[PDB]
Amino acid sequence: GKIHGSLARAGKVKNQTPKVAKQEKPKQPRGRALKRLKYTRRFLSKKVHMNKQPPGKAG
Amino acid sequence: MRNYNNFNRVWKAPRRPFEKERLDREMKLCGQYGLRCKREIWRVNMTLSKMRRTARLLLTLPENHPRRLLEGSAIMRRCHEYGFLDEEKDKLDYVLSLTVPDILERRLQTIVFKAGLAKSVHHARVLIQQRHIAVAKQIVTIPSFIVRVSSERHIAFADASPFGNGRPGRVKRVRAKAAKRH
Amino acid sequence: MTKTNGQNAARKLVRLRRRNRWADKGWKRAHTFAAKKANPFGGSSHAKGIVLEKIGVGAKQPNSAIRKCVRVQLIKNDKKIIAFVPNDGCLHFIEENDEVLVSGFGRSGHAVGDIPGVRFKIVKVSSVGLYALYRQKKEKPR
RNA sequence: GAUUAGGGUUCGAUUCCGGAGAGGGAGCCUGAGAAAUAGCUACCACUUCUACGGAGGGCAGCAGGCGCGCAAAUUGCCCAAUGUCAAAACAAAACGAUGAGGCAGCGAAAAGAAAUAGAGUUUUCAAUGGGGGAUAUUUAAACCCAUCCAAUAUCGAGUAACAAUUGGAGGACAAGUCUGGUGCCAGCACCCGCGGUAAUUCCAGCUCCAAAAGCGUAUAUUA
RNA sequence: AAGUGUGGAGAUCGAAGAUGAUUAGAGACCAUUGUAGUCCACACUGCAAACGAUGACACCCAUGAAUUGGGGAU
RNA sequence: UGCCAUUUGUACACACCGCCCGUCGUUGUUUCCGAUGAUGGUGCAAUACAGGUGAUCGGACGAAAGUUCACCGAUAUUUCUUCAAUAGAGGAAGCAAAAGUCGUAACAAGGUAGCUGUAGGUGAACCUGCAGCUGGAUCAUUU
RNA sequence: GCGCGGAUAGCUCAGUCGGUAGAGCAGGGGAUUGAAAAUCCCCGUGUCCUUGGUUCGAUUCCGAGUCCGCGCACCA
RNA sequence: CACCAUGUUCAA
Ligand SMILES: NC[C@@H]1O[C@H](O[C@H]2[C@@H](O)[C@H](O[C@@H]3[C@@H](O)[C@H](N)C[C@H](N)[C@H]3O[C@H]3O[C@H](CO)[C@@H](O)[C@H](O)[C@H]3N)O[C@@H]2CO)[C@H](N)[C@@H](O)[C@@H]1O
Ligand SMILES: NC[C@@H]1O[C@H](O[C@H]2[C@@H](O)[C@H](O[C@@H]3[C@@H](O)[C@H](N)C[C@H](N)[C@H]3O[C@H]3O[C@H](CO)[C@@H](O)[C@H](O)[C@H]3N)O[C@@H]2CO)[C@H](N)[C@@H](O)[C@@H]1O
Ligand SMILES: NC[C@@H]1O[C@H](O[C@H]2[C@@H](O)[C@H](O[C@@H]3[C@@H](O)[C@H](N)C[C@H](N)[C@H]3O[C@H]3O[C@H](CO)[C@@H](O)[C@H](O)[C@H]3N)O[C@@H]2CO)[C@H](N)[C@@H](O)[C@@H]1O
Ligand SMILES: [Mg+2]
Ligand SMILES: [Mg+2]
Ligand SMILES: [Mg+2]
Ligand SMILES: [Mg+2]
Ligand SMILES: [Mg+2]
Ligand SMILES: [Mg+2]
Ligand SMILES: [Mg+2]
Ligand SMILES: [Mg+2]
Ligand SMILES: [Mg+2]
Ligand SMILES: [Mg+2]
């Protein structure tokens, strides 16, 4: 038919999302010490890619 | 309702919140001076902006004008008093050349790092806020305390601090209780 | 060929400007009263209404979906409007005869892009926030 | 007041000044001053008690109540201060009244200051708040803050579990050619656009970015 | 210009309409006609691509053919 | 039937197998007209008129009750005006939505050059008459 | 008021004058497509008011009776 | 100067 969506299909993708849970991951420092952690990695530990990702299916 | 106590704002957020040149300078200023947030930089912007604006109004005024002799000798006085300008700089054109790291060097977090009372600039901010530094036998717990020139001689440990001449702090004292029950 | 000088020509310039400000669609909307008397919200924000029925509004070209939205009838002035329900799901949190807190969305009543003829938005259903129900901060009463 | 190079554009129910009103509308008395309303008379609209004969009401005072709405707190303590009134200083058997006005409770309207760690050789050493409490101090009385863990003699961080969040990662606009799912569906997207079985944009996990005790959104309004 | 009113005029072209034809259809173009109109008088209308898509009045402004009317030299 | 070059026009750009216009169907929306229905205030001025104020009498026990008249005037009711809201059979206009129908009007000399005004005709884009315009498909041909 | 008339899938509807049921759309899956729309194939499928008299059996016959339309009436 | 009307939706 002309329309392929319905009100009955509401929340289709969010229901069938496989429901992964977050992992443990101990807390980062907060406040002034988190700015210390930002500064030491992007400056003291030497384009600059802030989030370089490992190679995937694009190459 | 009938309360006339006044209050204003001391900082201002920048136009253009994502400038890659500006965001890189301010992360250097949060690292080189041990700052909590970008807002502590932004009041140092507004503090210096107001000095840079009044001193630029007074140069529109001629010399031997009443608002430039008075109140132009006030803004050169508070630069010399707080260490913003050394005593050679007396012409009022040097207030227009002040920078944000010229003001951030005068914070009590920086002098306690520069005088030698702490290993790092993040050691200094802890020891101020944990009541160890007295400026004139006055325990100052504010890191944004702008130290005057005459106050530099008298920064030391507090007389009530365990690092000075006071009683020993918590980890010795709660251990001295545990050795007492035995 | 444009305007007048003259040291005594200020009444001409004051009259000239007050008529040409009516051509400004921001000045004219801020100074006429068809702006609020036809606004379904009473010149305000976030008006409450009662859900009447659920509608699937099909998206405009080149997009193709049906947008899940309710038709609500406001309480302050009894005006029927159609308002969008934002997120994946979220008509499962709305039943008929529910009180909903409806804001506009975006563009001062000018129908944010894909959805045709819908210019309001559900914020809060049954006095609990609709985005809090989506992220499951809390759940519906009764 | 907000914004503003300059010229401006807006907001001003709201603390100070003035004007007006006390449910609507009149009309008066008394007084130096009222067309007074915690004064009177009447009508209109609502309205409470009655033993049915009758008698009363006026929170745009302060607390509250119901409605109305997108939308705004305690039926709190006190005259200690600021004042007003007045036959009146305080004290002495012997404390003038004050919902003016203070004070506290609620209170992320908006503003200041600021923790959530430091230091060193897997492994230790020091710190001091949040918080418990006082010979007490504040206070009218409490509260708070401030001071303190012996002055002969005062509790306490480790996963410091005493655990930061809110929005994003195609572009503007700072930051992933990562992995799983769905397959023009579900949804996202202010705008441009994403999604049609290899999604830089959806739903999620990771990892980053931004601001941070804050941060989204909506409607007004200035640039 | 079309249009309207009242009188004239009514040659030609001709909205409407009528016949032919073309066409899948032809309510169109093309052919033959033909009413109102076209033309005049007196009224009315005031709707144009009423254009140079360029408001009016002054000022300054380089060059070479021309052109229309007036004036002056030979 | 095609291809290549030059000139020119174009609203075309996955490029004429392009683009595109109106009527008609379906769905949803906001206005307007409309017999009739109806609401809240103003103003206007008309009577009736509560109370009071002043006056005149009164004088129970100087001075109450009460007369009478004037004035200020609430309220009630009616008459039109005016502002703001509102129901309506029916009749329309507009807008918005994934791929329904009919033609093909425009864009090329778009196959009758387009377009302005006006007048009349038509399912519908539109055609036709008259005078204009080039924004034309001609800046040009008795020197 | 009487008479003429019609009820068969989710809906709509054709019937051999008295031997048992036709499609189509709506539905679920494929072919097709770059995904769709159209299009083609294949699949679920209608105890026929209620029933009687019962032709070997009433859907198909006739008459009773829900349903829903149509022809026609005081008397001067 | 006979006639010569049209090509669904996104996307590449
Ligand atoms: N189209 C909707 C838009 O939403 C806006 O609404 C609001 C927000 O979207 C917007 O918030 C922005 C935020 O988006 C943006 N990322 C950063 C910015 N600082 C925020 O601004 C807000 O937050 C700061 C706190 O720092 C406040 O000081 C500031 O006054 C406030 N405007 O500021 C507005 C205040 O709530 C406009 N009100 C509206 O006119 C506009 O049309
Ligand atoms: N209150 C007056 C009512 O107007 C009605 O008239 C309605 C229609 O005649 C008229 O038709 C509109 C039309 O304006 C517009 N041009 C197109 C639109 N589709 C139509 O809409 C109408 O018809 C469609 C059905 O196709 C419906 O879906 C739609 O809800 C309905 N409003 O719009 C009117 C409502 O918007 C009826 N005559 C009747 O209910 C009554 O007269
Ligand atoms: N919308 C207001 C007006 O509608 C008219 O046109 C409208 C319709 O006549 C026109 O109809 C078109 C039609 O052109 C074409 N032949 C077929 C197409 N399916 C129709 O489309 C219409 O109908 C379908 C639903 O049937 C809708 O999904 C679609 O959005 C809508 N355009 O679509 C337009 C609706 O947007 C005027 N042409 C136009 O001026 C104006 O847009
Ligand atoms: Mg201490
Ligand atoms: Mg006042
Ligand atoms: Mg009244
Ligand atoms: Mg109150
Ligand atoms: Mg992916
Ligand atoms: Mg993600
Ligand atoms: Mg021919
Ligand atoms: Mg002829
Ligand atoms: Mg074609
Ligand atoms: Mg066709």
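Just so it is clear, the values below take in all heavy atoms, side chains as well, and ignore hydrogens, waters and symmetry mates. Chain identifiers are assigned alphabetically (A, B, ...) following the order of the sequence lines, protein sequences preceding nucleic acid strands; residue numbering begins at 1 within each chain.
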Any strand is fair game: report the nucleotide pairing with [N] by Watson-Crick or G-U wobble, both distances under 3.5 Å, or none.
{"N": "G/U45", "answer": "none"}
{"N": "F/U122", "answer": "none"}
{"N": "D/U98", "answer": "D/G83"}

Can you check each nucleotide of [range] against protein heavy atoms at under 4.0 Å and return B for base, S for sugar-phosphate only, - for none, in 5' to 3' order?
{"range": "nucleotides 60-73 of chain D", "value": "---------SB---"}
{"range": "nucleotides 105-111 of chain D", "value": "-----BS"}
{"range": "nucleotides 146-156 of chain D", "value": "-S-SSS---BB"}

All N/O contacts under 3.5 Å from nucleotides 187-197 of chain D to the protein, with atom names and distances to one decimal?
unit_1	atom_1	unit_2	atom_2	d
D/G187	OP2	C/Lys68	NZ	3.4
D/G187	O5'	C/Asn87	O	3.3
D/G187	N7	C/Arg67	NH1	3.4
D/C188	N4	C/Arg67	NH2	3.0
D/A189	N1	C/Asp114	N	3.4
D/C191	OP1	C/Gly113	N	2.7
D/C194	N4	C/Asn63	ND2	3.0
D/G195	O6	C/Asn63	ND2	3.3
D/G195	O6	C/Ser64	N	3.0
D/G195	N1	C/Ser64	O	3.1

Practice prompt. Measure the distance from CD on C/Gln61 to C1' on G/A35 and round it to the nearest whole Å.
Written response: 14 Å
Practice prompt. Measure from NZ on A/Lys35 to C1' on D/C209 and round the result to the nearest Å.
Written response: 13 Å
Identify all side-chain donor-acceptor contacts of residues 116-133 of chain C below 3.5 Å with residues at least two apart in sequence or on another chain.
unit_1	atom_1	unit_2	atom_2	d
C/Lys121	NZ	C/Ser103	OG	3.0
C/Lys121	NZ	C/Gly104	O	2.9
C/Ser126	OG	C/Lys140	NZ	3.4

Response to the item:
Note, RNA chain H 5' to 3' with Watson-Crick or G-U pairs under 3.5 Å encoded as ( ), [ ], | and . gives .......|||..
Can we call [N] and [M] a base pair, counting Watson-Crick and G-U wobble only and needing both distances under 3.5 Å?
{"N": "D/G216", "M": "D/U182", "result": "no"}
{"N": "D/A55", "M": "D/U48", "result": "yes"}
{"N": "D/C194", "M": "D/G105", "result": "no"}

Listed pairs under 3.5 Å, donor-acceptor, residues 44-62 of chain C side chains, sequence neighbours left out:
unit_1	atom_1	unit_2	atom_2	d
C/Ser44	OG	C/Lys76	NZ	2.9
C/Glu53	OE1	C/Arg71	NH1	3.0
C/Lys54	NZ	C/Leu91	O	2.8
C/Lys54	NZ	C/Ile94	O	3.0

Worksheet item: Just checking A/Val20: base, sugar-phosphate only, or nothing, at a heavy-atom cut-off of under 4.0 Å?
Response: sugar-phosphate
Worksheet item: Going by atom types alone, do C/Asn97 and C/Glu95 pair a side-chain donor with an acceptor below 3.5 Å?
Response: no
Distance-only check: which donor-acceptor pairs under 3.5 Å involve side-chain atoms of residues 120-136 of chain B, not counting sequence neighbours?
unit_1	atom_1	unit_2	atom_2	d
B/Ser120	OG	B/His122	N	3.4
B/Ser120	OG	B/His123	N	3.0
B/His123	ND1	B/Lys119	N	3.0
B/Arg125	NH1	B/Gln109	OE1	2.9
B/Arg125	NH2	B/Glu40	OE2	3.1
B/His132	ND1	B/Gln130	O	3.0

Tabulate atom names and distances for all N/O pairs under 3.5 angstrom spanning the protein and nucleotides 135-140 of chain D.
none

Identify all pairs in which a protein N or O lies below 3.5 Å from an N or O of nucleotides 28-32 of chain G, and state each distance.
none

Discussion item. As a test of reading the structure: which of F/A97, D/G118, D/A163 is closest to the side chain of A/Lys27, going by heavy atoms?
Written reply: D/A163
Item to complete: Could you work out which one of D/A212, D/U14, D/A218 sits closest to the side chain of C/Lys121?
Response: D/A218
Item to complete: Classify the glycosidic conformation of F/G18 as syn or anti, calling it syn when the angle lies within 90° of 0.
Response: anti
Discussion item. Please check, using ring centres under 5.5 Å and planes under 30°, whether the bases of D/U217 and D/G216 stack on one another.
Written reply: yes
Residues 57-79 of chain B, side-chain donor-acceptor partners within the protein, below 3.5 Å, at least two apart:
unit_1	atom_1	unit_2	atom_2	d
B/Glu63	OE1	B/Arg68	NE	3.2
B/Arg68	NH1	B/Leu61	O	3.3
B/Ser73	OG	B/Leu69	O	2.8
B/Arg77	NE	B/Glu81	OE1	3.3

Discussion item. Taking salt bridge (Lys or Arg N to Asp or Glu O under 4.0 Å) as the definition, give me every residue that meets it alongside B/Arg22, ordered by chain and number, with sequence neighbours left out.
Written reply: B/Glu26
